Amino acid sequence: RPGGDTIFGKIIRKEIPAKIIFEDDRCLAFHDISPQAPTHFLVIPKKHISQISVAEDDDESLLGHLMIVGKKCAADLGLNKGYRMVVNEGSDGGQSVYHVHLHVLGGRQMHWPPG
């Protein structure tokens, strides 16, 4: 199936509902169901890449597109005071859904260290 076998595949195929912010041929942006900030959404590729560590050289433009869409969506959602983008990789990264995605968090002061 298009979108892979994770829960994010079900969202892409619209088998389960999501609060979608943006969609195109390459990616999908939607709100996180467990927000860690007043605004918290994800940007994901429609292509199933399990994690960033296995991305190929030819995935470069796709990954950049995730960041560009993340920035545009943040602007659209009025995060003019700033925001934080996050990618969790693997065990130490805290990854739980193995479909590459970018978090965008805003609407409050983010702290250092980032976890």
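Start at 1 and count along the sequence shown; that's the residue number.
The question of which stretch, 71-79 or 38-46, has the higher mean Cα B factor is settled in favour of 71-79. Relative to its counterpart among 50-58 and 82-90, 50-58 has the higher mean temperature factor, C-alpha atoms as listed in the PDB entry.
Each of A18, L105, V97, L102 has a CA temperature factor in the record; the biggest one is found at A18. Sort the modelled residues of the chain by CA B factor and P113 lands in the lowest third.
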